[PDB]
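Novice: Chains as they are written, first to last, in the deposited numbering: chain E, 1 to 99; chain E', 1 to 99. A prime marks a further copy of an entry chain. Virtual Cβ for every residue (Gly too), placed ideally from N, Cα, C. Can you keep this structure in mind? I'll have questions shortly.
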Ligand SMILES: COC(=O)[C@@H](NC(=O)[C@@H](NC(=O)CC[C@H](O)[C@H](Cc1ccccc1)NC(=O)[C@H](C)NC(=O)[C@H](C)N)C(C)C)C(C)C
């Protein structure tokens with residue numbers, strides 16, 4: 001599909017059985033989603049945003065269906081305002097920027 | 001042009017006589033650039049990112065050339081890690097997301 005930026009780019013995702021909406025973010029090197037009930041072993045890690053650094057929990061090799069497109073990656077869960085689809089995933093569903 | 005997300009999406013901009021590189025960010029409602037020597041009257045304002053809120057200085061009706069494309073908008077200057085091209089500008093050079 002084709003997406004114009006008049007409105008924030010939101011999408012429907014399916015992660016470990018729960019249906020959420022995420023934001024397609026080209027300025028995000030990483031995939032970071034809110035606190036969700038995720039099972040597996042994780043690791044402490046830090047990431048930065050305009051306002052600073054939140055400690056996240058780093059889960060790898062998670063299955064996520066983006067706009068009905070299946071991908072597999074590292075996802076980090078933390079105290080984020082909005083869920084974000086970063087470049088580590090957008091490359092996978094082969095997302096391009098155009099102008 | 002066509003842009004794949006293997007590498008952060010960077011671009012060359014020209015703002016009030018100085019040549020900088022900015023990041024094309026679809027998850028950014030707003031254009032926020034580092035401290036630059038900008039002239040005109042401004043206003044205090046707050047914005048939020050994953051890590052919080054920085055007070056910015058809000059300048060409106062600024063001329064900015066994006067990848068050799070001229071646009072006019074509100075730009076906010078602040079203590080940001082990287083310059084960002086938000087949606088208020090990407091709509092103007094008619095940028096779309098594609099998948
Ligand atoms: C209003 O609600 C909001 O969400 C407010 N905030 C926003 O819209 C903000 N957007 C946002 O907060 C959306 C996320 C931005 O794209 C940042 C940009 C960034 C890239 C590289 C280094 C540092 C920062 N990405 C990130 O923070 C991503 C997750 N991670 C990184 O950049 C890491 C450190 N590599 C802007 C301040 C950029 C506001 C504009 C309304």
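#1: Count the other CB atoms, across all protein chains shown, that sit within 10 Å of the CB of residue 165 of chain E'; report buried if there are 16 or more and exposed otherwise.
#2: Does any heavy atom of ligand 1 sit closer than 7 Å to the C-beta of residue 47 of chain E'?
#3: Would residue 24 of chain E' and residue 97 of chain E qualify as a contact pair, given that the criterion is a beta-carbon distance under 8 Å?
#4: Give me the Cα-Cα distance between residue 22 of chain E' and residue 32 of chain E, rounded to the nearest whole angstrom.
#5: Could you run through the stretch 26-40 of chain E and flag, in chain order, every residue whose CB is less than 9 Å away from some CB of chain E'?
#6: Determine, for residue 2 of chain E, whether the minimum Cβ-Cβ distance to residues of chain E' falls below 8 Å.
#7: How many Å lie between residue 4 of chain E' and residue 95 of chain E at the Cα?
#8: Using only the alpha-carbon positions, how far apart do residue 56 of chain E and residue 62 of chain E' sit?
#9: Using a Cβ-Cβ distance under 8 Å, would residue 12 of chain E' count as near chain E?
#10: Just curious, the alpha helix (DSSP H) that residue 87 of chain E' is in, first and last residue?
Specialist: Well, looking at it:
#1: Only positions 1 to 99 of chain E' appear in this structure, which leaves residue 165 of chain E' out of reach.
#2: yes
#3: yes
#4: 22 Å
#5: 26, 27, 28, 29 and 32
#6: yes
#7: 7 Å
#8: 37 Å
#9: no
#10: 87-90
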